[PDB]
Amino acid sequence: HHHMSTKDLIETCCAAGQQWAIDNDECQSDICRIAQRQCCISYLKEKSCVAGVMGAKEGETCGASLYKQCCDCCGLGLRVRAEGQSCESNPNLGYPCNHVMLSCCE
């Protein structure tokens, strides 16, 4: 077994997952596995998203993915800003698209 509350186990397994994501670029007792996987995936998602945003700002192609999603959503904001128009929050775009579009627009 383990000798740890459910809250502490979540914290512990979350940190392990993040650490696994940093160590390896992939996310390969149920409570622990869920927290591990979720924190692993979130780290890789946020990283790919930030790379995507930087890609758009640098003029790089988004492709044809959180890289692509964040690149495209940043591109929306850039194009609006380029037209001299003000940015408006559109929650229908979802997360993180809306936030990314606004950030790139402002």
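All residue numbers refer to positions in the sequence shown, first residue = 1.
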item: Sequence continuity check, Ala64 and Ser65 (deposited residues unmodelled); value: 4 to 9
item: Where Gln28 meets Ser29 in the shown sequence, the number of deposited residues left unmodelled; value: 4 to 9
item: Mean temperature factor over C-alpha atoms, higher-scoring stretch between 84-92 and 15-23; value: 84-92
item: Residue range whose averaged C-alpha B-factor is higher in the record, 45-53 or 74-82; value: 74-82
item: Within-chain third of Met4 by Cα B-factor, per the entry; value: highest
item: Where the record places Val100 (Cα B-factor, split into thirds across the chain); value: lowest
